[PDB]
Amino acid sequence: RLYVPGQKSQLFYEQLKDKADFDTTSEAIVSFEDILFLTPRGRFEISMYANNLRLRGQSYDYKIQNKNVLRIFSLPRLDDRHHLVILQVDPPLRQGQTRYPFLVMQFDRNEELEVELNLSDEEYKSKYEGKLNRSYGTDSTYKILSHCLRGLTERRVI
DNA sequence: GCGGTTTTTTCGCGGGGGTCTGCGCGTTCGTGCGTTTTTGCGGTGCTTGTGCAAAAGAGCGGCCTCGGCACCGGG
């Protein structure tokens, strides 16, 4: 990864791409950017795969297997403005000494997101039909995330 | 309750610019890592002490017959 300052990186990319005809690719069934975690404290991108969940953070990357997710809680905060999504993980995530058996995410209730799943029509029909929607309309981010987590981990949302 | 005065509430329109907001970088304060000084329950070795086969003679107590006497009744 290069950092090219100035208004310059797009021209640099175009020349390189044209030189060897580089073809862009798309991975991860679904990604959610800029999610606020209360525990661990910080902001994380959540990338979901068939067998595993990735949390990408500026200082810490975590790979959680879908089997290690024991429980999903979807709980409204009493402030009537934020919604909490809570993951119980076993083994608990580690940052050094004390650990994170619970991941606490905080959403705004008014935050809406539109998301298309990165799946082929044959794989969707065979594995995910009736578990996931092919496209989610502009609904609240925490609902889409809770449904995706339910479909991929096969855990009931509490 | 009924009639009076006339204030200031409600109605609408135009213009100004302070406040909200998109965007960026930095930092300071929230959160985890590690520790200080001390409290508490955990156990032991040892101290101090407890409830669980005839034969025979010798000696003895009870006992009984008996000796012998004093006594009642009468004159």
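Rules used throughout
Residues numbered from 1 in each chain as written, not as in the entry; some residues may be left out. Chains lettered and ligands numbered in written order. Part of a larger assembly, values for the part shown. Heavy atoms only, no water. Core = buried A, V, L, I, M, F, W, Y, C linked by side-chain atoms within 4.5 Å. Buried < 20%, exposed > 50% of the residue type's maximum accessible area, 1.4 Å probe, protein only. Helix = DSSP H or I, 4+ residues; strand = E, 2+ residues; numbered from the N terminus. Contact = heavy atoms within 4.5 Å. Patch = residues over 30% accessible without salt bridge, like charges linked within 9 Å, V, L, I, M, F, W, Y side chains within 5 Å. Areas by Shrake-Rupley, 256 points an atom, 1.4 Å probe, with all protein chains shown as cover. Salt bridge = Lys/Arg side-chain N within 4 Å of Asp/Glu carboxyl O. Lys, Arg positive; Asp, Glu negative; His and termini not counted. Charge placed at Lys NZ, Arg CZ, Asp CG, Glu CD. Expected span 1.5 Å × (residues − 1).

As recorded in the PDB entry, chain A goes by the name FACT complex subunit POB3, listed as coming from Komagataella phaffii GS115.

1. Things to note about the nonpolar core
Of all hydrophobic cores here, the largest spans 35 residues; its most connected members are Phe32, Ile46, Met48, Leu55, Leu87, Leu103 and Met105. The leading source of residues in this core is helix α3 (residues 141-153), at six residues. Excluding residues that lie within four positions of it along the chain, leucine 87 makes contacts with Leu53, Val69, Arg71, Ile72, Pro101, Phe102, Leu103, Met105 and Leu149.

2. Details of a negative patch on the surface
A grouping of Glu14, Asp18, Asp21 and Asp23 is seen on the molecular surface, where their side chains present a negatively charged patch. Inspection of the secondary structure assignment puts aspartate 18 in helix α1 (residues 9-20).

3. Let's talk about α3
Across its 13 residues, α3 extends 18 Å between first and last C-alpha, which sits within 8% of the 18 Å expected from 1.5 Å per residue. Counting buried positions along α3 gives ten out of 13 residues, so the element sits mostly inside the fold. All buried positions along α3 are accounted for by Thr141, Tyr142, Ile144, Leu145, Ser146, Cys148, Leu149, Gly151, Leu152 and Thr153. Immediately beyond the C-terminal end of α3, within one or two residues, lies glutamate 154, with a positive phi of roughly 55°.

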